[PDB]
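A single chain, nothing else alongside it, follows as structure tokens in the form solved without the named molecule.
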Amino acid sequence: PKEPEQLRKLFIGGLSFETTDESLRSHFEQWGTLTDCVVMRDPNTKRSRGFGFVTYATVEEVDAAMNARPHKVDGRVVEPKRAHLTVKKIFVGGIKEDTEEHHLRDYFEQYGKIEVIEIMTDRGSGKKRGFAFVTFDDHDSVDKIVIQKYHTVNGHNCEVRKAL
């Protein structure tokens, strides 16, 4: 069946106040079927609040829209985000002592462009502590990662969360 609607939404900030439901829709329909598209407005003045949201039919369409950033909508670069604590770094726990950089890179590179991999070691002994941090060049990688129920790396079922 269909992915949960919450995972098919993009919250678009930074809109031009002249963007309408119709112009936001015409823009974002380039990357998929939109089941919903709303510009948020003041209830009395009808003046735009400068943000809105679009709902795609599938998660792959959300991915396509995010991969097509930067989006210039009605002359202004906007800020799309999935369903916000916006960070580029993750904690990866449960990797034990046998997990190496290449295991983490080969897996996580498919979520985004990696800038730093830090495998944590004991300050006194140098032994691996069984966790790591991965820093990406952009927050959408992290957002995709943390909504997955499971992460399997080097045969380990890992705990992954946003870091700082």
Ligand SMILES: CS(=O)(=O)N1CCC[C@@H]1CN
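So that there is no doubt, residue numbering starts at 1 and follows the sequence shown.
Another form exists, deposited with the named molecule bound; not displayed. Remarks below refer to it.
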Should this chain be marked open or blocked when the named molecule, placed as in the entry with it bound by superposing the nearby C-alphas, has its atoms checked against backbone and C-beta atoms at 2.4 Å, with 3 or more hits meaning blocked? open
Even though the partner isn't displayed, in the entry with it bound is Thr33 close enough to the named molecule, meaning a heavy atom within 4.5 Å? no
Taking the named molecule as it sits in the entry with it bound, which residues of 61-77 have a non-hydrogen atom within 4.5 Å of it? Please list them. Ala68, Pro70, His71, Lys72
